[PDB]
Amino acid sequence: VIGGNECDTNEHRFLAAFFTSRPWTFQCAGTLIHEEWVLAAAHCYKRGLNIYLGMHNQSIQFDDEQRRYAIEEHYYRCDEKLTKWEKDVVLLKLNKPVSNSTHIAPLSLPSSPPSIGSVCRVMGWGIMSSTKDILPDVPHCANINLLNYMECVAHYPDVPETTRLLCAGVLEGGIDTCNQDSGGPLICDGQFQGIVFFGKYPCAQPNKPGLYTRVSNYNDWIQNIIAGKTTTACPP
């Protein structure tokens, strides 16, 4: 996250961190949405990653930190016509539930639709400088705006027209998500509305907002999987 500051230690209790085992290296983030389910981005997740809940400073282990791994890995396979840009979610079931604690609590799926002009919180351990690829040991937080999708469409020729992505950022530049913020939540007006996907590098350029996976498209699908539906998960 560029143009922000270190997050408050208690304002990201839903933020999950993915690590490889050896070496022990931060990969990306995810969102705890349920005591035993995490929602992440398909493009940065790979099998066997360690999942940490209740992490702030990567060099510190809080007394309530919990480590898990995925026992189930659900990709969105409902519409073969959707491009890779339109289905970048992975729903992970944890090997064991995590109870609430000082630094751990799930974030609910959005209960109202996203609205242009909202102020959106972004957070992550990703690159925090637009001039140097500096990765912090603590997560950084910042505010951006949910923008008209028109503000993004012209900058991503490779991405076809879609309704399944959100355009968010700061048009004057200076504030943006960057590499390895992938998978983190975009929280607009208190609602989990987006997942960090991709933008432009260098990051935080003027009039170069990023695209975010639109969470609300997946509510029914996620809830069905959590409810135990195997087949029947997708819509008819």
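Residue positions are given as counts along the sequence shown, with the first one as 1.
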property	result
Residue range whose averaged C-alpha B-factor is higher in the record, 2-10 or 227-235	227-235
Mean C-alpha B-factor comparison - 72-80 and 107-115, higher one	72-80
Residue with maximal Cα B-factor (values as given in the PDB entry) among 67, 47, 34, 56	47
Where the record places residue 181 (Cα B-factor, split into thirds across the chain)	lowest
Ranked against its chain, the third holding the CA B-factor of residue 126	lowest
Ranked against its chain, the third holding the CA B-factor of residue 147	middle
CA B-factor ranking of residue 168, expressed as a third of its chain	middle
Assigned third (lowest, middle, highest) for the C-alpha B factor of residue 30	lowest
